[PDB]
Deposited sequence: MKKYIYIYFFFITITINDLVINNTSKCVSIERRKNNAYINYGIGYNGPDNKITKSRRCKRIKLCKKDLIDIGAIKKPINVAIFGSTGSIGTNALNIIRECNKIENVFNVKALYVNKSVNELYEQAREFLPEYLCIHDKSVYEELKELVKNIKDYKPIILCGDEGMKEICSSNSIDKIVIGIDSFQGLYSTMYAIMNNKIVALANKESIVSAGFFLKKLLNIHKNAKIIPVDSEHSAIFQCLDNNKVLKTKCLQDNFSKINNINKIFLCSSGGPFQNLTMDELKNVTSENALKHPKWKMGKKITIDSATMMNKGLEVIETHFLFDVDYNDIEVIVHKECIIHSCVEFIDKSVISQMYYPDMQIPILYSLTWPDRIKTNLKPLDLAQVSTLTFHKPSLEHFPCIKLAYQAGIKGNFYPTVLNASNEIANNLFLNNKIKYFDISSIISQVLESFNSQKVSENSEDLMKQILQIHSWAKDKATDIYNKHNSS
């Protein structure tokens, strides 16, 4: 049985790493059928991928470049795809009975929409977009309880590492984002590793004046998130939701070599970790082969050559985004939504030289303080409406706080 996969956001970083490892793995033996590709706007790139991979379905979000895609594709001999457009095309792909697994490599809040529909169709969802879990974790949980045969399999590297450390006999008794996942897998505690980002050695005074150029010189948004360690704060909430680990049992550790990707402490106090070169091919591949593994031709890890690994605790004073993520997660309710939203705005303000480093945490903290816990709707549709309303409110609030001071 080949593995029938759709790639959503095929032309981006995650998407192109997915097709890479699929390509290489297929050269060893033909295991993967790429059944569908979906992008926003990159019509020429999508064309090139369709030419190589010959998928049954092509979809582009933006209506404006639909006709252009149809024209380009006719150049391809012996190939009659179903060529689609927009949300409707995304839903048609998700409901195909010939597709088993969907890689969600669509960034930002937009990525939740396809994630939702992939679950609704009881697919395996290889989810890279941590913001969907941070903004909508409780909703995704409820949804995964309606759609019992759907599964989220984590792609974010640290989360993939945690998942790889587990015994699948116990994993198969539950699934990601389920209450009691950690209890069933006998997990006590998580070490969430971090690169620490480019500002890891700067003083408070140096940080006061750092700029986005300093942080940038991956995509801009996750790069800024890595500089402030808000990425890791988002990943702490992601860990809580994915594995049902309490916040007091998630420890961020700075591992600048980026060889140990994260570690899992069980109840006996034994720790199991996943290691490799920094790499998104293995996380992606595992999400598509779980619960099995297949041969690759990747470079073997040469531990003697690596020689030295280092670990240290991040300073919360230098990286206050971490503290804010814990605070929001511990509060629960819609605070993680608010955190994610306000960080989207502040990240962009910093990227564009409108605010300073410590203003990022300042704005986020102020939005969080202004929010009030809301009765969580038991209706799935109403709940999604609440998440959207709170998201838009928090972004607006972030922007207001910025413009007040400015």
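In this entry, the deposited residues absent from the coordinate set span 1-75, 293-297, 487-488.
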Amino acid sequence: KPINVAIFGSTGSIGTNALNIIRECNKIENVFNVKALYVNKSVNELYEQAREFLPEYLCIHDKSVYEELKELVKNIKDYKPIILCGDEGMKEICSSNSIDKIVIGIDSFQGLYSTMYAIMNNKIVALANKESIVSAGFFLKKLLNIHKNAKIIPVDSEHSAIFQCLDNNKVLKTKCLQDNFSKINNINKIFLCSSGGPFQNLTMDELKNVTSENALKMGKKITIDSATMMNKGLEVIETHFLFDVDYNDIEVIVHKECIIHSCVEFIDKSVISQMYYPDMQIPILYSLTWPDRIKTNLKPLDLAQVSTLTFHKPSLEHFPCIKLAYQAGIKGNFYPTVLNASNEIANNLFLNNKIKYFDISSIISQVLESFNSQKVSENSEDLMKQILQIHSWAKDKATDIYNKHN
From here on, numbers count along this sequence of modelled residues.
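Between two forms, the rigid core is the largest collection of C-alphas that superpose within 1.5 Å.
The stretch that strays farther, by root mean square C-alpha distance over structures and residues in 9 other deposited structures of this protein after a rigid core fit, is 396-404, when 3-11 is set against 396-404.
Between 373-381 and 49-57, greater CA displacement relative to the shown form is found for 373-381 when the structures in 9 other deposited structures of this protein are fitted on the core.
Averaged over their C-alpha atoms, the temperature factors of 302-310 and 155-163 are higher for 302-310. Averaged over CA atoms, B-factors in the entry run higher in 6-14 than in the other of 392-400 and 6-14.
Remark: of 33, 343, 337, 366, 33 shows the highest value [criterion: C-alpha B-factor in the PDB entry].
The PDB entry assigns the greatest CA B-factor among 128, 264, 84, 245 to 84.
Sort the chain's modelled residues by C-alpha temperature factor and residue 278 lands in the middle third, per the entry. Split the chain's modelled residues into thirds by C-alpha temperature factor. Residue 240 is in the lowest one. Ranked against the other modelled residues of its chain, the C-alpha B-factor of residue 136 as given in the entry falls in the middle third.
Among all modelled residues in its chain, residue 320 ranks in the lowest third by Cα B-factor.
Residue 142 sits in the middle third of its chain by CA B factor, as recorded in the PDB entry.
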